[PDB]
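Below is one structure, written out as structure tokens; comments come after it.
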Ligand SMILES: NCCc1c[nH]c2ccccc12
Ligand SMILES: NCCc1c[nH]c2ccccc12
């Protein structure tokens, strides 16, 4: 279920799911580096009915994973609300900005 | 039959066109060039693999030189993989599984041309 | 007998050409511009643009500008962000202009990579992730300096009634106007009143751009206006794209470069889809709506062909639309657009198409 | 509160791993190696290899070697041909080794990028377009030798019964053997008698490699052998893969990395298709044939699933086959191969798959 675009935590992923790329929902595949910065989504948990902040950190320094591409836009906003915006590369400030895949890191309520 | 610029565009752009009998690559005629001209901003390879192809329209056999056009990334259009009289790398200039842009200033290959040498 | 030659120019004249910016997202380090003839669908050539290229044509029609990122070993080594100048007719590289290593990496909205009306400066979005606007002096082949005044703003909307002025959309819901001096440094600036509520009615960044004003559509199908006929920008809106029937079926805008303006008639073109709700603002077009911006009424609606981005040509009265892979050519000389043809397989992952400029003085 | 981390190792043991070399021909500047678990089809990771990468795993299983080409601005600027050493478990870059700007650019035949049996030297094909074999000293991280004696020859076949010896196929239809010294420089060499007629019965370069001999198949379905039990290679052939019925339907071999040998049994595996004629030598397999190299007769035949390349694991008695995009896994512990599973979409344009070495 975590490899599906419709998994609740992936509600503002624009990118490839790291769990399909040799990583997990919250860890980068071997030899790719987490972005320190990220866009944030507010996603609805279908079990407890509450909304949670999810931080979408890219994994950087390897070329495109190509698997489980998602483009979901729940509560996503344009670049004038920059940290809610997912049409940019959140690897932009890494030592290498090449984008490999995206993680979905639960922050909290 | 010997002059693709006078022929039907769809005919020369086909992998089945007689002079493309040892093309492994993208036809330059589909990539903004012609059978004998590189697309703008890509550079002919001075070296090539060579094929011998039969022309069914006049019944003669011709030597065809397959030069790559180099220095731009893959065209992606009209990919062909025809192997008539093609041989492995111990017959190197008959071999089409290598990049004939390999000795160019930039070795990135863009597309392949099919140049008529003679009988 | 036959001899292979290079050095050739593009086979079709400039007025036939369009530029499809292919991100090649699946292999984003080999992005490129595909050059097509819109009159017959013929592939004319291409320009390689490495990792996430952006593209525009010089206002005078002579050059193609790209913006891209290199690293010494692609996935490792030193970063070089650049603007490149290419000859439009030969499709050859001429010059590299060095940028600070913070040019925007992101999908190809027009507003991320633009130029002043007079063609003298290239104006681009930076993100480090702190935002600023970068200015490149075309004559000098130089980066000037960051427009730090644009912190917390996004995207570049040139003012077509002035030689070197542009606007940007800011997080306070207003517009910042920058006026450059002859050297490409900021000569003056001004900030409008609030145009839209960022929380309650966020706008799409893509302008429907007239000579002395610009219109913007919102997530909920409202329209906003910025008039820059005077030195101070005057803002207005909303008015609704929607009638009662439209509202009943929850029609809203969706797409990327999703609007356009035909300046002579004042007709605005917009991608629309039904059953709107949170999360559908990038959905493909179910329809294209054509609005009279003077009367504020819809004058036409046609099938959207799942289009996501468009562009308008004022000089030939055309609209192009683009669904990611295919380009549709429309005649918009009358209120109802007429489909002329579709170019299939123009790109693998493109969200931006542009005409080669004709005229425009 | 969850925390994103890097620095992780591949999640499956080495013995589960295979390496699918994806040329990505449509976008050949972004070639890569995809790492898969063959037991369950799971994607484990990848290594980026720029323009037309080649790959192999070190014999000791600890490192991945890639070979590739860079330019300062990709399509312009100075060229750098390299070998890269990567950690096999962390899939991270460790070391670049400079090569002269003539490494082979071409599709991924095994014999273009190999290593000595003792693992101390990488042995690679150059073309400028004049051909030579390049030697990289792994410990030193240096290109140490350029074997110009191999001009007019092609591809590298390591001898598994000697520490630093390999053979190459030459334009005279014979084999050149190179024995490297412990410094990577040529210590001696020898040329065989003609094995095959280049004009009349050209062989595929892919060897069916045993410990002390190699077999090769030809465009017309014949088999040649090179025995390197001694210092001088002894050559023989042809025998035919074909019986009279096979000939009637014009069966011939086709593919790229198209043969393999199961060393314990002597079974040789070959991709075959009917209706062979000039120009069909790279056609997908209609069948895989299983040949007893001792009796010189076919023992079995099974559907080919349009495969083009294969590889064999001796110790687990497995064969992989590959059709460009998908990898099929076969059990070959008995004479008839048994299909265990297919890994769909392992690549966009791959003609080479390899197991992680487990022998040490
Ligand atoms: N986080 C995904 C942003 C994105 C979509 N398309 C792109 C193209 C280039 C760079 C980023 C993007
Ligand atoms: N002339 C085409 C050679 C070729 C086929 N596949 C390849 C992959 C990589 C490099 C060259 C090739």
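Counting neighbours? That spans all protein chains shown, and the Cβs are built from the backbone with ideal geometry, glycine included. Quick note: the coordinates plus some simple rules give every number you see, no bench work behind them.
Worth pointing out:
- Over the stretch D:161-269, the fraction of Cα-Cα pairs per 5 Å bin, rounded to whole percents and listed from the shortest bin up, is 2, 11, 21, 22, 19, 12, 7, 3, 1, 1, 0.
- DSSP-defined antiparallel bridges as percent of all bridges, chain A, nearest 5: 95 percent
- Three-way shape label, the stretch C:214-356, alpha-carbon gyration tensor, a/c 1.5: oblate
- Distance from the alpha carbon centroid of the stretch C:309-361 to that of the stretch D:8-25 works out to 44 angstrom.
- Ratio Rg/Rh [Cα only; Rh per Kirkwood] for chain B: 0.94
- Dimensions of chain D based on its C-alpha atoms, expressed as ranges along the principal axes with the largest first, amount to 68, 51, 39 Å.
- Top of C:74, C:178, C:302 by mean-square fluctuation, Gaussian network on chain C, Cα under 10 Å: C:74
- Computed log₁₀ I(q)/I(0) - Debye formula, equal Cα scatterers, no solvent, the stretch B:34-83, q 0.17, 0.19, 0.27, 0.32 Å⁻¹: -0.66, -0.79, -1.18, -1.29
- Put simply, when C:28-35, C:331-338 are sorted by average Cβ atoms within 10 angstrom per residue, most first, you get C:28-35, C:331-338.
- Rounded Å value of the spacing that divides the Cα centres of the stretch C:56-77 and the stretch C:212-261: 32 Å
- Values of log10 I(q)/I(0), in the order q = 0.16 Å⁻¹, for the stretch C:1-68 under a Debye, Cα-only, solvent-free model: -0.62
- Its Cα gyration tensor gives the stretch C:88-135 an equivalent ellipsoid, and the semi-axes of that ellipsoid, as √(5λ) in whole Å with the largest first, are 21, 14, 12.
- Of the residues C:350, C:188, B:14, the one with the fewest other Cβ atoms within 10 Å heads the list, and the complete ranking is C:188, B:14, C:350.
- Shielding of C:100-111 by partner chains, average beta-carbon count, 10 Å: 3
- Hydrodynamic estimate: the Kirkwood radius of the stretch D:99-235 over Cα pairs, inserted into Stokes-Einstein at 4 °C and 1.567 mPa s, corresponds to D of 87 µm²/s.
- Whole-number percent relative contact order across chain D, with pairs defined as alpha carbons under 8 Å at least 6 apart: 13 percent
- Whole-number percent relative contact order across chain A, with pairs defined as alpha carbons under 8 Å at least 6 apart: 38 percent
- Helical mean residue ellipticity (222 nm; -39500 (n - 2.57) per DSSP H run of 4+; nearest 500) of chain C: -500 deg cm²/dmol
- Ascending count of other beta-carbon atoms within 10 Å, so fewest first, for B:114, C:240, C:58: C:240, C:58, B:114
- Dimensions of the stretch D:13-133 based on its C-alpha atoms, expressed as ranges along the principal axes with the largest first, amount to 41, 34, 25 Å.
- Relative contact order for the stretch D:1-97, counting Cα pairs under 8 Å that sit 6 or more residues apart, in percent: 20 percent
- Packing-based exposure ordering (other Cβ within 10 Å, fewest first) of C:73, C:164, D:76: D:76, C:73, C:164
- An ellipsoid equivalent to the protein assembly as shown, defined through the eigenvalues of its Cα gyration tensor, has semi-axes of 54, 31, 25 Å when rounded to whole angstrom and sorted largest first.
- Modelled spin-label separation between residue C:234 and residue D:295, with each label point placed 7 Å from Cα along the Cα-to-Cβ direction: 9.8 nm.
- Separation in nanometres of the label points that stand 7 Å from Cα toward Cβ, at residue A:4 and residue D:90: 3.7 nm
- Within 10 Å of each Cβ in D:86-92, the average number of Cβ atoms from other chains: 3
- Largest GNM mean-square fluctuation among A:61, A:23, A:79, using chain A with Cα springs under 10 Å: A:79.
- The stretch D:163-179 and the stretch B:1-51 have Cα centres lying 37 Å from one another.
- Per residue of peptide A:95-103, the mean number of Cβ atoms on other chains within 10 Å of the residue Cβ is 5.
- Here the stretch D:144-203 is treated as an ellipsoid with the same Cα gyration tensor; its semi-axes, largest first and in whole Å, are 23, 12, 9.
- Residue among D:190, D:218, D:309 with the largest mean-square fluctuation in a Gaussian network model of chain D, springs linking Cα atoms under 10 Å: D:190
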